[PDB]
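First structure 1, then structure 2: two forms of the same chain, each alone, as structure tokens.
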Structure 1
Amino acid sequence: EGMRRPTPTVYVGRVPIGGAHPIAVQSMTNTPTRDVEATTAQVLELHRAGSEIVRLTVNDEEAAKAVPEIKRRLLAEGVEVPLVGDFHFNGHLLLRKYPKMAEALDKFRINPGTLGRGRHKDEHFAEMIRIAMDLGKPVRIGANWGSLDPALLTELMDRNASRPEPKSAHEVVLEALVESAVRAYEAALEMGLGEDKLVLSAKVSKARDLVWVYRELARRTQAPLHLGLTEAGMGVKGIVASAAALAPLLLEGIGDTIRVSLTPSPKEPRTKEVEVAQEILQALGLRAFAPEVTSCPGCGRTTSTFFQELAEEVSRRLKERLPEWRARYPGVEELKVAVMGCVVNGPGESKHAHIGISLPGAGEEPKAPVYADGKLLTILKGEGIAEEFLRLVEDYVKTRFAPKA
């Protein structure tokens, strides 16, 4: 905001993807697809966490047979989340053999590096595109440098070698990835697949490379782009790498749906990737999913236990109130609340939030000004400052986000 790269709109089920539409969050299950109970449950969990589209692997016949049942069960729950089928090597076979699965999916993902080789590859690709066209389904053509077509790389390495100034092998691999996606995009369009039925991706695992790749894809094609840093890994590394890779592109207006490719720790839920995706988009002002807290790090000017506990309590309370607030108070997802440690940046940061509190740091009288809408609202003192503040936030929301219209 802004400006978005303009693109045609591609509907993935009821969710529109493209330049005129909010950037969508999506995620992918990790249960065996043949396990209908486990996969249905996880799709629900991911959707409830904020995944607007959910992808599942459709890797073998047993998975393919399961898809119509999963979709049936989701619909029985009144949940219309679009499902993307992830196909590799035998997608043409499964789509051919299981038309009920083909119809149940809301989008097909093809990888131009896992279609086979030679004219087998061309025919496999054409069959899947033909099936999509016949059913009116959209397709993501998704290249990944982990599965890059070796024949194409060879072609480009030779082209490069003849150049007056040849590029490194690494630059050529990135070129080939882009070329793999662009050639398949152009082929699909030439076969009759609509511009309203084509999404592209070309993922790599390092941020700097990803920025290069998606700038090229954005320039060379008109399609909405599925953006993600592939194989981002574990823990803080996976979170940081993902945000670092996506933000430069998103700030330039590139990307129409995102997925965060975290490796879960055994103890953490699959939904973490959805939480990260939401935070990336909200950090950049591109979506508003829920209220957020701006808080200083705290330093020697404030008492650490009190301040850290206050900031945590405020974050926890906003999370708890949200289901009620969403129902009563349109627009509350945009709420910004500040919790600040001392007079140095307290009042100023608080006056930039919708409502904020500045605690007394060292050398200050034990009172805590509260600011709302850019000016002083009141001053709190004594015990229970946390609870008094949260009541003020509650009152603030009731008034600022009152419905009607």
Structure 2
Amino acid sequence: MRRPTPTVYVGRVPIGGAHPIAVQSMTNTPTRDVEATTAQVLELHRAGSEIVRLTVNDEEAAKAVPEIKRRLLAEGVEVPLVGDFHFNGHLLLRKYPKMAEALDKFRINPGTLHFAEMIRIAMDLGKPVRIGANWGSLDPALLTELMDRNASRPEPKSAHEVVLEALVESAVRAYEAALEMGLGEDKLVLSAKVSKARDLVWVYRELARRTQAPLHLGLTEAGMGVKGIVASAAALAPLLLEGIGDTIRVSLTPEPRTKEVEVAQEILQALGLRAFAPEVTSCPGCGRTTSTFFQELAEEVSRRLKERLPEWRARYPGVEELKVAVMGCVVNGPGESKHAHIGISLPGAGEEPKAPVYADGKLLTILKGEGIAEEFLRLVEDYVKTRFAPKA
């Protein structure tokens, strides 16, 4: 499914086609309030945000930054911070080399015939960059040209659809321009701010076709209503179902921006792109199966997994994604369970009393001990501790 891309590390978090789709969010505090900004960053992480943006405007924004990181290091909380910038960000960065290092990525407006400086600064520091096209950063003569071009077409498009062309052109040109300065494909993420599902889908299918950059998906905004939730899912789902998009933000202006993370997290889970808890699946059963045993087994396993969880979670990162399969026949069980981390298949009609256990390959046959259940949880467990060990 997934669009291949280079990997762009934002701090410790890999962003790109080979990696899990990340959730991003932003502060809502003025950054300058180190007290209220850091609180909000700690909890957005706990909420599910793996990366966190903050707007950085007057000088008062800057001094605050490196301290904010200086306490997160101590607060255990190892989050990557992203700096939201508008023109004058350079002189800001150039003045305080201390905060350029605290930031883990810069977010900048396009520029095409200050953009130069932002790119230059990032290449010195080794910092990745998101280039986010937007209405405000759009070449007026570009717009006019596109407008003229549109009116020559056999079937000219609407005003609004030309705007979207200009937005895409604006993002692609800035992308080529960052690369032209020497930035690096492993240092470059794109996006374009849109307000409607159709627009988002259309703009990002163009960005996919014309660039190899990882893509950060998001809608401009809406209030905390149903509208806002529905719009974001409506808009993100079609892209994520095609394999386009590497980072996602949900934006619903409301104390904090905390409900946004929930929603983003949900959109990912509805489409099976991230899990919060390990999962046991078992086949439906069909004609090959004699016995309810496989199904009682799966309920038991599932039950005993749901209680190892708060241990497993704190001991073993990534374990939320564990898939366990319990199948109803040996002849078809394994083939219907290829994608399980570990699965077992139970004898069916006219089958030997043996139960194969798979961990991608065959791991072992379980002879019909009464203990099959307990033997299997032991295997799930020894599988878990190996495959989900923290691996320095």
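The term rigid core refers to the maximal set of C-alpha atoms that superpose within 1.5 Å between the two forms. When a residue number appears, read it as a position in the sequence of structure 1, where counting begins at 1.
Item to check | Rigid-core-referenced C-alpha movement of 2 Å or more between the two structures, selected from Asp209, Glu175, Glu313, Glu279 | outcome: Among the listed residues, the outlier is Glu313.
Checklist entry - Does the distance between the two CA positions of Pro347 reach 2 Å or more between the two structures, the core being superposed? => result Where the cores coincide, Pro347 still shows a C-alpha shift between the two structures that is 2 Å or more.
Checklist entry - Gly194: CA shift of at least 2 Å between the two structures after core fit? => result It does not reach a 2 Å shift.
Next on the checklist: After superposing the rigid core, is the C-alpha displacement of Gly136 2 Å or more between the two structures?
Outcome noted: It does not reach a 2 Å shift.
Item to check | between the two structures, C-alpha offset at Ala232 (rigid core aligned, Å) | outcome: That residue's C-alpha is offset by 2.9 Å.
Checklist entry - Supposing the core is put in the same place in both forms, how far has the CA of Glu103 shifted between the two structures, in Å? => result For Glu103, the alpha-carbon shift amounts to 1.0 Å.
Next on the checklist: Could you state, for a rigid core superposition, the Cα shift of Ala288 between the two structures in Å?
Outcome noted: Here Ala288 registers a C-alpha shift of 0.8 Å.
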